[PDB]
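Coordinates as given in coords03.cif (mmCIF, C-alpha atoms and all ligand atoms):
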data_final
loop_
_atom_site.label_atom_id
_atom_site.label_comp_id
_atom_site.auth_asym_id
_atom_site.auth_seq_id
_atom_site.Cartn_x
_atom_site.Cartn_y
_atom_site.Cartn_z
CA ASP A 1 -4.25 1.83 33.37
CA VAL A 2 -7.00 3.46 31.31
CA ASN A 3 -10.20 1.77 32.64
CA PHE A 4 -13.46 1.17 30.86
CA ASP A 5 -16.17 -1.07 32.32
CA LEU A 6 -19.17 -1.71 29.99
CA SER A 7 -21.37 -2.60 32.92
CA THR A 8 -21.63 1.09 34.02
CA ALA A 9 -21.09 2.78 30.70
CA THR A 10 -22.98 5.55 28.99
CA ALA A 11 -22.12 7.89 26.14
CA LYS A 12 -20.53 10.00 28.87
CA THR A 13 -18.26 7.45 30.54
CA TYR A 14 -17.24 6.26 27.06
CA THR A 15 -16.02 9.70 25.92
CA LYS A 16 -14.19 10.05 29.23
CA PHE A 17 -12.50 6.65 28.73
CA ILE A 18 -11.42 7.91 25.29
CA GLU A 19 -10.52 11.34 26.67
CA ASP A 20 -8.35 9.74 29.41
CA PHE A 21 -6.83 7.21 26.96
CA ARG A 22 -5.86 10.10 24.62
CA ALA A 23 -3.96 11.58 27.59
CA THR A 24 -1.75 8.79 28.89
CA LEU A 25 -0.02 8.77 25.54
CA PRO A 26 3.30 10.58 25.66
CA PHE A 27 3.83 12.99 22.75
CA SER A 28 6.81 15.21 22.03
CA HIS A 29 5.00 18.46 21.17
CA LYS A 30 1.71 19.50 19.59
CA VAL A 31 1.88 19.88 15.79
CA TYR A 32 -0.89 22.30 14.80
CA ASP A 33 -2.16 21.48 18.29
CA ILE A 34 -2.56 17.82 17.48
CA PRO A 35 -0.15 16.01 19.86
CA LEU A 36 2.68 14.33 17.92
CA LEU A 37 3.79 10.88 19.16
CA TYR A 38 7.38 9.75 19.91
CA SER A 39 9.15 7.75 17.20
CA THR A 40 11.48 6.54 19.95
CA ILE A 41 10.67 6.03 23.59
CA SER A 42 12.50 4.52 26.55
CA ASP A 43 11.04 0.99 26.59
CA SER A 44 10.00 1.59 30.20
CA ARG A 45 7.36 3.96 28.74
CA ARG A 46 6.73 2.10 25.45
CA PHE A 47 3.38 0.38 26.22
CA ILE A 48 0.16 1.49 27.97
CA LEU A 49 -2.57 -0.89 29.13
CA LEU A 50 -6.36 -0.55 28.69
CA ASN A 51 -8.54 -2.26 31.28
CA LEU A 52 -11.71 -3.52 29.54
CA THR A 53 -14.55 -5.30 31.49
CA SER A 54 -17.75 -6.42 29.75
CA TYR A 55 -21.40 -6.26 30.80
CA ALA A 56 -20.95 -9.58 32.57
CA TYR A 57 -17.57 -8.93 34.16
CA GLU A 58 -15.04 -10.42 31.84
CA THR A 59 -11.85 -8.37 32.30
CA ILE A 60 -9.26 -8.29 29.55
CA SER A 61 -6.21 -6.07 29.55
CA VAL A 62 -5.02 -4.91 26.10
CA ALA A 63 -1.62 -3.38 25.36
CA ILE A 64 -1.13 -0.24 23.34
CA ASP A 65 2.08 0.89 21.68
CA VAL A 66 2.26 4.66 22.54
CA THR A 67 4.47 5.14 19.50
CA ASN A 68 1.57 4.68 17.10
CA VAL A 69 -1.52 3.75 19.15
CA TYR A 70 -1.36 0.19 17.74
CA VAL A 71 -2.63 -2.63 19.87
CA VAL A 72 0.17 -5.14 20.20
CA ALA A 73 -1.15 -7.84 22.49
CA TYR A 74 -3.86 -8.71 24.93
CA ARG A 75 -4.14 -10.72 28.17
CA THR A 76 -7.03 -12.92 29.12
CA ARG A 77 -6.89 -14.41 32.64
CA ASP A 78 -3.33 -15.63 32.43
CA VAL A 79 -2.77 -16.34 28.75
CA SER A 80 -1.41 -13.44 26.69
CA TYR A 81 -1.88 -13.30 22.91
CA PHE A 82 0.57 -11.33 20.76
CA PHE A 83 0.16 -10.30 17.06
CA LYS A 84 2.55 -12.02 14.65
CA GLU A 85 5.30 -9.44 14.05
CA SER A 86 5.00 -7.40 17.26
CA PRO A 87 7.81 -5.44 18.80
CA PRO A 88 10.31 -7.79 20.46
CA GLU A 89 10.28 -5.41 23.42
CA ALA A 90 6.59 -6.08 23.78
CA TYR A 91 7.27 -9.74 24.43
CA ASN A 92 9.83 -8.94 27.18
CA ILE A 93 8.20 -6.25 29.25
CA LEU A 94 4.57 -7.30 28.92
CA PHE A 95 2.32 -9.75 30.78
CA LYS A 96 5.17 -11.41 32.73
CA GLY A 97 4.29 -14.88 33.96
CA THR A 98 1.54 -15.60 31.50
CA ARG A 99 1.69 -18.34 28.94
CA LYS A 100 2.42 -16.19 25.89
CA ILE A 101 0.85 -17.19 22.55
CA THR A 102 1.45 -15.61 19.15
CA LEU A 103 -1.70 -15.10 17.10
CA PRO A 104 -1.27 -16.34 13.53
CA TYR A 105 -1.87 -12.97 11.91
CA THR A 106 -0.28 -9.57 12.15
CA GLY A 107 -2.35 -6.83 13.76
CA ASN A 108 -3.00 -4.83 10.61
CA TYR A 109 -6.39 -4.43 8.97
CA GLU A 110 -5.71 -6.47 5.83
CA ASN A 111 -4.50 -9.47 7.85
CA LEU A 112 -7.06 -9.32 10.66
CA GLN A 113 -9.53 -8.99 7.78
CA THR A 114 -8.33 -12.17 6.09
CA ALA A 115 -8.24 -14.24 9.28
CA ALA A 116 -11.81 -13.00 9.72
CA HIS A 117 -13.00 -13.63 6.14
CA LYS A 118 -14.83 -10.40 6.72
CA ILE A 119 -13.94 -6.81 6.00
CA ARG A 120 -14.71 -4.43 8.80
CA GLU A 121 -17.36 -2.62 6.71
CA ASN A 122 -19.53 -5.58 7.63
CA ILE A 123 -18.88 -5.66 11.37
CA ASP A 124 -21.18 -4.01 13.84
CA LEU A 125 -19.36 -1.42 15.93
CA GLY A 126 -21.17 -0.02 18.98
CA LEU A 127 -20.96 -0.25 22.78
CA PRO A 128 -22.84 -3.53 22.90
CA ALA A 129 -20.43 -4.87 20.21
CA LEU A 130 -17.31 -3.92 22.25
CA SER A 131 -18.73 -5.72 25.27
CA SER A 132 -19.16 -8.83 23.05
CA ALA A 133 -15.65 -8.83 21.56
CA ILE A 134 -14.39 -8.73 25.12
CA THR A 135 -16.45 -11.85 25.78
CA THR A 136 -15.13 -13.61 22.64
CA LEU A 137 -11.58 -12.49 23.45
CA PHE A 138 -11.61 -13.42 27.10
CA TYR A 139 -12.83 -16.88 26.04
CA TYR A 140 -10.39 -17.01 23.07
CA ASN A 141 -11.00 -19.19 19.97
CA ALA A 142 -9.15 -18.67 16.69
CA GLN A 143 -12.39 -18.48 14.76
CA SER A 144 -13.99 -15.85 16.94
CA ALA A 145 -10.86 -13.86 17.69
CA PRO A 146 -10.04 -11.96 14.60
CA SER A 147 -13.48 -10.22 14.11
CA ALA A 148 -13.65 -9.47 17.83
CA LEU A 149 -10.26 -7.74 17.35
CA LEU A 150 -11.57 -5.66 14.49
CA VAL A 151 -14.29 -4.40 16.85
CA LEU A 152 -11.86 -3.71 19.75
CA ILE A 153 -9.32 -1.56 17.94
CA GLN A 154 -11.89 0.61 16.10
CA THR A 155 -13.88 1.36 19.19
CA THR A 156 -10.69 2.34 21.07
CA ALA A 157 -7.64 3.10 18.93
CA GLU A 158 -9.40 4.79 16.06
CA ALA A 159 -11.83 6.51 18.53
CA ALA A 160 -8.78 8.14 20.09
CA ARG A 161 -7.26 9.00 16.77
CA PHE A 162 -10.40 10.57 15.30
CA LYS A 163 -13.12 12.45 17.14
CA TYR A 164 -15.52 11.68 14.27
CA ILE A 165 -15.11 8.03 15.23
CA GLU A 166 -15.22 8.64 19.00
CA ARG A 167 -18.53 10.47 18.42
CA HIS A 168 -20.25 7.79 16.38
CA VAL A 169 -19.70 5.09 18.99
CA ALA A 170 -20.72 7.51 21.74
CA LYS A 171 -24.03 7.63 19.85
CA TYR A 172 -24.65 3.81 19.90
CA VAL A 173 -24.84 2.69 23.50
CA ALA A 174 -27.76 0.30 23.37
CA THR A 175 -27.35 -0.50 19.73
CA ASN A 176 -24.68 -1.24 17.06
CA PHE A 177 -23.93 0.22 13.63
CA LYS A 178 -21.66 -0.15 10.63
CA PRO A 179 -18.72 1.87 9.26
CA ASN A 180 -20.29 4.38 6.92
CA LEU A 181 -17.41 4.93 4.43
CA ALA A 182 -16.18 8.06 6.19
CA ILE A 183 -15.12 6.15 9.30
CA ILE A 184 -13.30 3.65 7.00
CA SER A 185 -11.52 6.42 5.07
CA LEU A 186 -10.37 8.18 8.27
CA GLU A 187 -9.12 4.73 9.32
CA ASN A 188 -7.26 3.94 6.05
CA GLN A 189 -5.79 7.49 6.08
CA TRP A 190 -4.49 8.37 9.51
CA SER A 191 -0.80 8.38 8.55
CA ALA A 192 -1.03 10.13 5.24
CA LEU A 193 -2.94 12.76 7.25
CA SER A 194 -0.08 12.56 9.82
CA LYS A 195 2.61 12.81 7.15
CA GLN A 196 1.03 15.88 5.56
CA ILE A 197 0.16 17.84 8.71
CA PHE A 198 3.82 17.25 9.67
CA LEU A 199 5.06 18.55 6.31
CA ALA A 200 2.48 21.35 6.34
CA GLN A 201 4.60 23.14 8.97
CA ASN A 202 7.26 23.91 6.31
CA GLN A 203 4.86 25.34 3.72
CA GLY A 204 2.81 27.23 6.28
CA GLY A 205 -0.44 25.27 6.23
CA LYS A 206 -0.71 23.56 2.87
CA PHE A 207 -0.23 19.85 2.25
CA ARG A 208 2.56 18.53 0.07
CA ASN A 209 0.31 15.80 -1.27
CA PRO A 210 -3.49 15.78 -1.11
CA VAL A 211 -5.40 13.30 1.02
CA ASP A 212 -8.48 11.65 -0.46
CA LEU A 213 -11.51 10.80 1.68
CA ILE A 214 -15.11 9.55 1.10
CA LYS A 215 -18.31 11.01 2.49
CA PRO A 216 -20.74 8.54 4.23
CA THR A 217 -22.82 8.85 1.10
CA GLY A 218 -20.08 7.94 -1.30
CA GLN A 219 -18.72 11.30 -2.39
CA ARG A 220 -15.00 11.38 -2.93
CA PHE A 221 -13.51 14.70 -1.86
CA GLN A 222 -10.02 15.78 -0.85
CA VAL A 223 -8.38 17.66 2.01
CA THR A 224 -5.26 19.67 1.27
CA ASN A 225 -4.90 22.11 4.18
CA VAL A 226 -4.66 22.10 7.93
CA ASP A 227 -7.62 24.49 7.62
CA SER A 228 -9.97 21.76 6.34
CA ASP A 229 -12.74 20.39 8.57
CA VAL A 230 -11.00 16.98 9.06
CA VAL A 231 -7.73 18.39 10.37
CA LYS A 232 -9.38 21.25 12.24
CA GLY A 233 -11.49 19.77 14.99
CA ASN A 234 -11.38 16.07 14.15
CA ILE A 235 -7.87 14.48 14.33
CA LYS A 236 -6.53 14.12 17.90
CA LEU A 237 -3.38 11.95 17.63
CA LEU A 238 -0.59 12.44 15.07
CA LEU A 239 1.54 9.50 13.79
CA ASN A 240 5.23 9.61 14.76
CA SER A 241 7.36 11.44 12.18
CA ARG A 242 9.52 8.41 11.24
CA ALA A 243 6.59 6.09 10.65
CA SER A 244 4.55 8.75 8.82
CA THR A 245 7.27 9.75 6.31
CA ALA A 246 9.08 6.47 5.56
CA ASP A 247 6.00 5.42 3.61
CA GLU A 248 5.16 7.95 0.91
CA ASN A 249 2.02 8.99 2.79
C1 LIG A 301 -9.64 -3.15 35.98
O1 LIG A 301 -11.03 -2.94 35.85
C2 LIG A 301 -11.85 -3.72 36.72
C3 LIG A 301 -13.33 -3.41 36.45
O2 LIG A 301 -13.77 -2.16 37.02
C4 LIG A 301 -11.43 -3.40 38.15
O3 LIG A 301 -12.13 -4.39 38.95
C5 LIG A 301 -13.29 -4.04 39.63
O4 LIG A 301 -13.00 -2.91 40.48
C6 LIG A 301 -14.22 -2.28 40.96
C7 LIG A 301 -14.03 -0.81 41.44
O5 LIG A 301 -12.78 -0.22 41.09
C8 LIG A 301 -14.76 -3.31 41.97
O6 LIG A 301 -16.11 -2.86 42.07
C9 LIG A 301 -16.80 -3.07 43.28
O7 LIG A 301 -17.61 -4.23 43.12
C10 LIG A 301 -18.25 -4.70 44.34
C11 LIG A 301 -19.70 -5.19 43.88
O8 LIG A 301 -19.96 -6.62 44.17
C12 LIG A 301 -20.48 -7.04 45.48
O9 LIG A 301 -21.81 -6.45 45.75
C13 LIG A 301 -22.38 -6.64 47.12
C14 LIG A 301 -21.94 -5.46 48.03
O10 LIG A 301 -22.23 -5.76 49.39
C15 LIG A 301 -21.90 -8.01 47.73
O11 LIG A 301 -22.85 -8.52 48.70
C16 LIG A 301 -21.72 -9.04 46.55
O12 LIG A 301 -21.60 -10.34 47.12
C17 LIG A 301 -20.51 -8.61 45.55
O13 LIG A 301 -19.23 -9.16 45.98
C18 LIG A 301 -18.14 -3.57 45.55
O14 LIG A 301 -16.93 -3.84 46.30
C19 LIG A 301 -18.19 -2.01 45.03
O15 LIG A 301 -19.51 -1.50 45.23
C20 LIG A 301 -17.67 -1.83 43.57
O16 LIG A 301 -18.76 -1.57 42.58
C21 LIG A 301 -19.43 -0.24 42.49
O17 LIG A 301 -20.07 -0.17 41.17
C22 LIG A 301 -20.84 1.05 40.93
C23 LIG A 301 -19.98 2.37 41.01
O18 LIG A 301 -20.88 3.51 40.90
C24 LIG A 301 -19.14 2.44 42.35
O19 LIG A 301 -18.11 3.46 42.18
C25 LIG A 301 -18.49 1.01 42.72
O20 LIG A 301 -18.21 1.05 44.13
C26 LIG A 301 -14.66 -4.89 41.59
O21 LIG A 301 -13.88 -5.49 42.61
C27 LIG A 301 -14.07 -5.24 40.17
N1 LIG A 301 -15.17 -5.69 39.22
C28 LIG A 301 -15.18 -6.69 38.33
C29 LIG A 301 -16.42 -7.03 37.59
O22 LIG A 301 -14.19 -7.38 38.06
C30 LIG A 301 -9.88 -3.46 38.41
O23 LIG A 301 -9.53 -2.92 39.72
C31 LIG A 301 -9.89 -3.64 40.93
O24 LIG A 301 -9.01 -4.68 41.26
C32 LIG A 301 -9.29 -5.33 42.54
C33 LIG A 301 -8.09 -6.25 42.79
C34 LIG A 301 -9.43 -4.30 43.77
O25 LIG A 301 -9.89 -4.90 45.02
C35 LIG A 301 -10.44 -3.21 43.33
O26 LIG A 301 -11.75 -3.77 43.21
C36 LIG A 301 -9.94 -2.57 42.03
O27 LIG A 301 -8.67 -1.96 42.24
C37 LIG A 301 -9.17 -2.57 37.31
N2 LIG A 301 -7.71 -2.44 37.52
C38 LIG A 301 -6.75 -3.28 37.14
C39 LIG A 301 -5.31 -3.00 37.54
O28 LIG A 301 -6.96 -4.25 36.43
#
Would you encode the structure as structure tokens?
Ligand SMILES: *[C@@H]1O[C@H](CO)[C@@H](O[C@@H]2O[C@H](CO)[C@@H](O[C@@H]3O[C@H](CO[C@H]4O[C@H](CO)[C@@H](O)[C@H](O)[C@@H]4O)[C@@H](O)[C@H](O)[C@@H]3O[C@@H]3OC[C@@H](O)[C@H](O)[C@H]3O)[C@H](O)[C@H]2NC(C)=O)[C@H](O[C@H]2O[C@@H](C)[C@H](O)[C@H](O)[C@H]2O)[C@H]1NC(C)=O
Amino acid sequence: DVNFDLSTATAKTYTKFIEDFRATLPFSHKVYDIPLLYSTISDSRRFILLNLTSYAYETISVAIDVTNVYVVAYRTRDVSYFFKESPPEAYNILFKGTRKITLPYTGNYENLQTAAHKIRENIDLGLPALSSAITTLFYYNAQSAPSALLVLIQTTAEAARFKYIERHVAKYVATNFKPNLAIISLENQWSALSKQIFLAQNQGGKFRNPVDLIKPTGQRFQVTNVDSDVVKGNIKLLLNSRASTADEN
């Protein structure tokens, strides 16, 4: 699986974890050089596992849906906790033999957020903060869980979607930070960005609809071409065509 052990980790081993994780994902072909992810995949290949150990050697294994980089479930020791409203497949092929519990919330930011009474703009990301969520996830408790899960997906799934986010957490290695407004907006927008870069093949570069983002400082701008600085060296994983278009952005 894609390994990352916090007990040996530096800004270097963290980018390599992300770099490796970006490259066990199957994609069908690079759209504007951003790998585009399969809408449909033989369930044998559906899920990839990330192998996360903390400073103090708590190993949890978390499952990623390659079809959309979502985290679907996670195993601690030999209990295995699934999001409410997972893939059915996930339940069959994954963590066989473990008592399998279904967390009371779906895995999406606005649920997670509720269960946590705490929007992620108030939750310290960072490499120390990762290695803590792993401790509060290993030793599961329904109070602790949901905010620990907020930390886990942003420092891994969104890091692999957006190099802006990968870079930020590579910066904070012996300290934590907070989502700046730009990291949030990339987060809330990977999908509309995927839908429009997909469309923007047909009209030779330009978006069909514009995508609205916010600078760290609070300045609302918009990107509207695959030329723009966000598309151009930032985005690294494209949302599967079916998922990205069903929703109007
Ligand atoms: C999921 O991720 C886990 C975390 O990395 C993997 O488990 C760990 O695997 C590593 C290496 O792959 C392994 O590390 C060794 O730890 C030992 C240190 O402890 C001993 O120290 C002295 C030595 O004489 C003894 O006197 C003490 O009493 C301790 O017992 C030692 O064998 C090695 O030196 C390794 O550590 C070094 O660390 C610094 C690096 O620079 C070096 O490259 C490296 O050699 C641990 O067993 C384990 N760690 C923890 C905290 O859990 C896991 O894969 C493993 O699974 C086990 C079954 C297998 O035997 C291997 O260890 C490895 O495959 C990984 N994969 C999966 C599928 O979950």
#### Entry: Shell around residue A:16 at 12 Å using all atoms listed in the file, local window under 5 positions removed, as a PyMOL selection string
chain A and resi 2-5+9-11+21-23+156+159-160+166-167+170
Using all atoms listed in the file, what does the table of chain A residues within 12 Å of ligand LIG 301 (chain A) look like, with each row giving the shortest atom pair and its distance in Å to one decimal, sorted by chain and ascending number, as CSV?
residue,atom,partner,partner_atom,distance
A:1,CA,A:LIG301,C39,6.5
A:2,CA,A:LIG301,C1,8.5
A:3,CA,A:LIG301,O1,5.8
A:4,CA,A:LIG301,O1,6.9
A:5,CA,A:LIG301,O2,5.4
A:6,CA,A:LIG301,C3,8.9
A:7,CA,A:LIG301,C29,8.1
A:8,CA,A:LIG301,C22,7.0
A:9,CA,A:LIG301,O18,10.2
A:13,CA,A:LIG301,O18,11.4
A:48,CA,A:LIG301,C39,11.9
A:49,CA,A:LIG301,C39,9.1
A:50,CA,A:LIG301,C1,8.4
A:51,CA,A:LIG301,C1,4.9
A:52,CA,A:LIG301,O1,6.4
A:53,CA,A:LIG301,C3,5.4
A:54,CA,A:LIG301,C29,8.0
A:55,CA,A:LIG301,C29,8.5
A:56,CA,A:LIG301,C29,7.2
A:57,CA,A:LIG301,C29,4.1
A:58,CA,A:LIG301,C29,6.8
A:59,CA,A:LIG301,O22,6.3
A:60,CA,A:LIG301,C1,8.2
A:61,CA,A:LIG301,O28,7.2
A:62,CA,A:LIG301,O28,10.5
A:75,CA,A:LIG301,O28,10.9
A:76,CA,A:LIG301,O28,11.3
A:77,CA,A:LIG301,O28,10.8
### Task
Excluding residue A:193 and residues on its chain fewer than 3 positions from it, collect all residues at most 8 Å away from it, counting only C-alpha atoms, and give them as number ranges by chain.
A: 189-190, 196-197, 211, 249
In the coordinate frame of the file, compute which residues have an atom within 8 Å of (-1.2, -5.0, 22.8) when using only C-alpha atoms, and state them as a PDB file with C-alpha atoms, in the frame of the given file.
ATOM      1  CA  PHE A  47       3.380   0.380  26.220  1.00  0.00           C
ATOM      2  CA  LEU A  49      -2.570  -0.890  29.130  1.00  0.00           C
ATOM      3  CA  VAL A  62      -5.020  -4.910  26.100  1.00  0.00           C
ATOM      4  CA  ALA A  63      -1.620  -3.380  25.360  1.00  0.00           C
ATOM      5  CA  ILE A  64      -1.130  -0.240  23.340  1.00  0.00           C
ATOM      6  CA  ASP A  65       2.080   0.890  21.680  1.00  0.00           C
ATOM      7  CA  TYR A  70      -1.360   0.190  17.740  1.00  0.00           C
ATOM      8  CA  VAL A  71      -2.630  -2.630  19.870  1.00  0.00           C
ATOM      9  CA  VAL A  72       0.170  -5.140  20.200  1.00  0.00           C
ATOM     10  CA  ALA A  73      -1.150  -7.840  22.490  1.00  0.00           C
ATOM     11  CA  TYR A  74      -3.860  -8.710  24.930  1.00  0.00           C
ATOM     12  CA  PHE A  82       0.570 -11.330  20.760  1.00  0.00           C
ATOM     13  CA  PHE A  83       0.160 -10.300  17.060  1.00  0.00           C
ATOM     14  CA  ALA A  90       6.590  -6.080  23.780  1.00  0.00           C
TER      15      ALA A  90
END
#### Entry: For residue A:237: contacts at 6 Å, all atoms listed in the file, fewer than 5 positions along chain excluded, given as a PyMOL selection string
chain A and resi 34-35+161
### Message
Can you pull out the residues contacting stretch 38-40 of chain A? Cut-off 7 Å, using all atoms listed in the file, and skip same-chain residues under 5 positions away; I want them as a list in words.
### Response
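After dropping sequence-adjacent residues, the list is residues 27, 28, 67, 240, 241 and 242 of chain A.
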### Task
Please provide as a PyMOL selection string all residues within 12 Å of residue A:42, with the sequence filter that same-chain residues fewer than 6 positions apart are discarded (counting only C-alpha atoms).
chain A and resi 26+66-67+89+93
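Here the question is which of A:80, A:194, A:143, A:102 gets nearest to residue A:210 using all atoms listed in the file, and that residue is A:194.
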### Query
Interatomic distance between atom CA of residue A:247 and atom CA of residue A:44?
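Result for atom CA of residue A:247 versus atom CA of residue A:44: 27.2 Å, one decimal.
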### Query
Restricting the calculation to all atoms listed in the file, which member of A:179, A:104, A:97, A:216 is positioned closest to residue A:120?
A:179
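Using all atoms listed in the file for every distance, the candidate list A:111, A:79, A:233, A:212 yields A:79 as the residue closest to residue A:98.
Closest approach to residue A:15 among A:164, A:220, A:206, A:248 is made by A:164 (distances from only C-alpha atoms).
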### Task
Could you please determine the separation between atom CA of residue A:171 and atom CA of residue A:132 in Å, to one decimal place?
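Those two atoms sit 17.5 Å apart.
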### Task
List every protein, DNA or RNA residue that has an atom no more than 10 Å from (-13.1, -10.3, 8.9) in the file's coordinate frame, counting all atoms listed in the file, and report them as a list in words.
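So the residues meeting the distance criterion are residues 109, 110, 111, 112, 113, 114, 115, 116, 117, 118, 119, 120, 121, 122, 123, 144, 145, 146, 147, 148, 149, 150 and 151 of chain A.
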